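First structure 1, then structure 2: two forms of the same chain, each alone, as structure tokens.
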Structure 1
């Protein structure tokens, strides 16, 4: 029994942990399957991808091509249908017709063995025809056989009759494959489209209150949902909605002691009022939450709840399950940390005294919110809990409810980021906020749209309550516009945290990435009506970007992405394609200065010849342009961050 088969097919990709975990896709997503394929000797090889659905049903004929000369690396694009666990193989084979044609094209004009060459061709086309059904196609090939055998015609005429486009056409659909050799199957987990594609909006319900009751309730926060839906968002991410501890409650601006009216951090979960399966009393009741969920759903919005596996000192778990915490010799539980940050208001969970009880309680809590319509969870700091714990929990939840989506908020080292995605997190936060130059963006997106896409789906939040980047602090509104265009067009999933659209960019202090007067620690009423009337919000641009994504399939996927060269370091250009849809984006990364540049398009990567001209429409403005291999652009910050163009027919 040999490891290599008759025709080598080696190192099939995508592959995750050597085949022990599934590669990822969503319904309708196209991705490349590749392999190393070659044979002994100099005859031609062919290959094809066999994609099988959860019932074992194979997909269409999907022939492969060598991706670059002399590499023996072959690839083809496949497309996932329904959700479930699929599998794929690569089949490799001797290609006798290509081999014979190449030898006949030489030997016939040279007059070498022409009788043998033509008869071998005749026998070979007969062999091909034996497998073709449909009298017409088989007749086509058999007529080429008879022409090859017709010694009353010149040798070149007999040969030419085997090389007509009509014959190529039959052979294209019904190729003759020798020595077919298959790779072993690899697993593919196909999930619902929202796992890859969607626009996210994060806000704090308690901040959306009234003049007379500043602390919002679920009923007053529900009134914010129409504006969010109107900006074209699909997912609403809420910080924790549970009671908040009082012991070591944090005050405003991340101070260590709260005054009497201070609301504390929502992540300091738990009190005598309840824990992770309960509602903060000032938000109202579970029925109020159901109202919020209902109103969201009527607007096409899905709720994502924060799941933060940790506790305030007042949480019932502290006395109900002491073994879920690490106690020092004096009984104290050290407060959680994520250095250099400190979380004085919470205890971290310890997992090694009662891992079964913790997994049971975790999936209980998730299934409670799932029963109330929550099918997406944003998991807070997953990298401070064991990787295998999430592996278990996610497998459990998705085993009964495969539609549930888990988003990993893991801003940490690459190994942990990648492993969390690989053990089942449907989506991952990314380094996006720290990729701001053209070089950083090009390199990072080349990584994310490449091999990493077989196990990770990025969620590009342009800001979070914890990340106000210096780019936004120093660039003002034109920088907010640039980052929104970049996030919305470079990832099929993007998000903003409320106040982004108002261009809030005052840091806690120079060199910080915290917001001054952060909403994590205080109510943050925002005058949405005034900002809208005065035009001091970028909500219209956000709306337009989400509309462009909804109208352009190229922007609803990740892996098809190509950067085109420009001659200015501050101007980046890239395109994305899905079927006949092509989107071409040119962004001025400079938020302070007008930039002119020549964008030299790689015409073939747009499916075009070098001399063609591409008619494009700038979906941000509706202006039409005529663009060829080389195009002058002039982008004035404030007036326009970018061109977001579709190529027209």
Structure 2
């Protein structure tokens, strides 16, 4: 038993954990399958990819090509179909016809061995016709065989009868493959479109109240849903909707002692009113929640609930399951931390006394909300809980409900972030907010669109309730406009947290990424009507970006992305492609000064020739341009963040 087959097929990619975890795709997504393929001697080889659906049914004939000269690295693009677990193999084989052609095109014109050479080609084409299924094809090959053996015609006439485009066609479909060798199957997990592509919007229902009842309900907060859908979003992400503890409840601006009417942080879950399977009483009943979900569904909006595996000191688990927490010698439970951040209002979970009870209760809670229409969960801080626990929980839920999507809020070191996606997490938060220079964005997006794309799907939130980057603080509305362009065009999934449209950017203090008067600790009513009428919102820009994404398949994928050089450090340029759709973006990363630059596009990367010129339409303005290998641009902050151009037919 040899590790290597007759014709070596090695190091098939993509591969996750040496084959023990699946590579990932979504319905209709294209990606490259590659392998190292070669043979002994100098004769030619060929290779093809066999992608099998969940029932074992192979896909179309998919031949591979050597990706670079002298590397023996071969590749071919496949497209994922319906959801489920697929498999793919690589088949390699001797290519006797190419070998005989290449050498017959030398020996016949120079009179060497012609009768012996032409008869050798007749014997090959004969073996080729034996493995050809259709009879019209089978006679096209036997006609070339007979013409090859016709000693009464010139040798150049006999040879050329086997090198015609009509013999090219049969062989480019049913080629003669020698010593066919196969790799071992590699698994592929195909999931639904929303796992890769979608626009996300986060807001606090309790903030959308009334003058008489300032604490909003699910029934008042449902009034925001039409505006959210009108901005082109597909997913509404809600902070925890459960009762909030009173013991050590935090006050406004993250103060230790709440006073009077303070509402506390929604992530300090649990009170005598209920736990993770309960509704905050100021938000209404489980019946109102169904109404909210139903109204969201009518507008094309899916709900994503926050899942925070933690407890306030008043959560029922504290006395019903004391072994789910670590107790110090005096019996107290230390509050959760994530340094240098401290959460004096919550307890972390201990997983090693009763791991089965925790997993059983966790999937029960998730299935409760799944029964009420929640098919997406934003998982709070997964990296402070055991990695294997999430692997077990995700596999349990997806085993019965493969449509459920899990998003990992893991802002941590690279190894943990990769592993969490590799063990099941459909989506991952990223380093996006901390990549603001051209070098940072080019390097990070090269990483996310490269090998990481076989297991990680990025969700680019331009802001979060805990992340107001110094770029937005110092750049004002122009900064908000640039980050929206970048996030919406660089990832097929992007999102914002309410208030971003209004360019809220007052930090807690200098050096902090917290908002002043953070919504996490207080109701935040907003004059949405006045901002629209006074034009002080970038919702129109947000709306246009989502329209452009809904209209251009290139912005609904991740792996096809290429950066084009500019002569200005503040100006970045890149393109993305999907079939015949090509989008080109040029962004001025300077929010305070106008920048002009030449954009030297990589034309073969666009499928064009260096001399060619193409018409483009700036989808932000409707203006038409004609662009070639060198293009002048002038971008003024406030007036224009970027050009978002589509290539016209």
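Positions refer to the first chain, counted from 1. The term rigid core refers to the most C-alpha atoms you can superpose between the two forms while keeping them within 1.5 Å.
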query: Flagged residue of 559, 524, 252, 149 - C-alpha shift reaching 2 Å or more between structures 1 and 2, core superposed; finding: 149
query: Large Cα move at residue 116 between structures 1 and 2, threshold 2 Å, rigid core; finding: yes
query: Rigid-core frame, C-alpha of residue 292, shift of 2 angstroms or more between structures 1 and 2; finding: no
query: Rigid-core frame, C-alpha of residue 186, shift of 2 angstroms or more between structures 1 and 2; finding: no
query: Distance moved by the residue 44 C-alpha between structures 1 and 2 (core-aligned, Å); finding: 1.3
query: Per-residue CA shift, residue 125 (Å; core superposed between structures 1 and 2); finding: 2.4
query: Cα shift between structures 1 and 2 at residue 546, which is computed once both forms share a superposed rigid core (Å); finding: 0.2
